[PDB]
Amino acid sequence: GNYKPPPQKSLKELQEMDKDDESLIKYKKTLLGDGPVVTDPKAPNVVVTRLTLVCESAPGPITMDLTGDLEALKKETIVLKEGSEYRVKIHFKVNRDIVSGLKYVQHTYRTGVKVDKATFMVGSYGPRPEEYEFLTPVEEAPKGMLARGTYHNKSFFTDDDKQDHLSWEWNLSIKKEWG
């Protein structure tokens, strides 16, 4: 209806508040955890490692390794059968600070012009060594000879603080069959 990003606060400020409140201490241990402050030096705060398209009817896997050659992905084509149901699986790692409202943004092009925009909220996550996973609700691919064709996508991962965590390009082809 409106919404506005809350003021910023470090992990230190969050941990130091209500330091005598027993339930809030457990609350923080459940959400942020306790023990060794583990970090991977030489790594941004977010790092999205791969985006997969869960398609039960598809023959082989249709994924994108985001740690690899982005320039080949920019030139490659992922095939999606018209009208098929799918879910997108994201793998990523939060490093030092909390990520508020991490989200995926996509600008779709056809014949060189922008024809569609789409996004999906991944959420807010706390920093930890182990990677997180995220699946969006089931979606259906476009259907019809009007929608069938090749699209050029410009994707990126941003957040409530407008920080670009990743940007890349890839091509999508919606066809009558997997081939």
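Residue indices: 1-based, along the sequence shown.
Visitor: In the PDB record, does 151 to 159 or 15 to 23 carry the higher mean Cα temperature factor?
Guide: Taking the mean B-factor of the alpha carbons in each, 15 to 23 is higher.
Visitor: Per the entry, where is the mean C-alpha temperature factor higher: 62 to 70 or 114 to 122?
Guide: So the stretch with the higher mean C-alpha B-factor is 62 to 70.
Visitor: Just to confirm, going by the entry's C-alpha B-factors, which of 47, 31, 54, 51 comes out highest?
Guide: Answer for 47, 31, 54, 51: 54, with the highest C-alpha B-factor.
Visitor: Ranking every modelled residue in this chain by its Cα temperature factor as given in the entry, which third contains residue 95?
Guide: It falls in the middle third of the chain.
Visitor: Quick check on the deposited entry: does the C-alpha B-factor of residue 107 sit in the lowest, middle or highest third of its chain?
Guide: Its C-alpha B-factor belongs to the lowest third of this chain's values.
Visitor: Compared with the other modelled residues in the chain, in which third is the CA B-factor of residue 127?
Guide: Lowest third - that is where residue 127 ends up once the chain's C-alpha B-factors are sorted.
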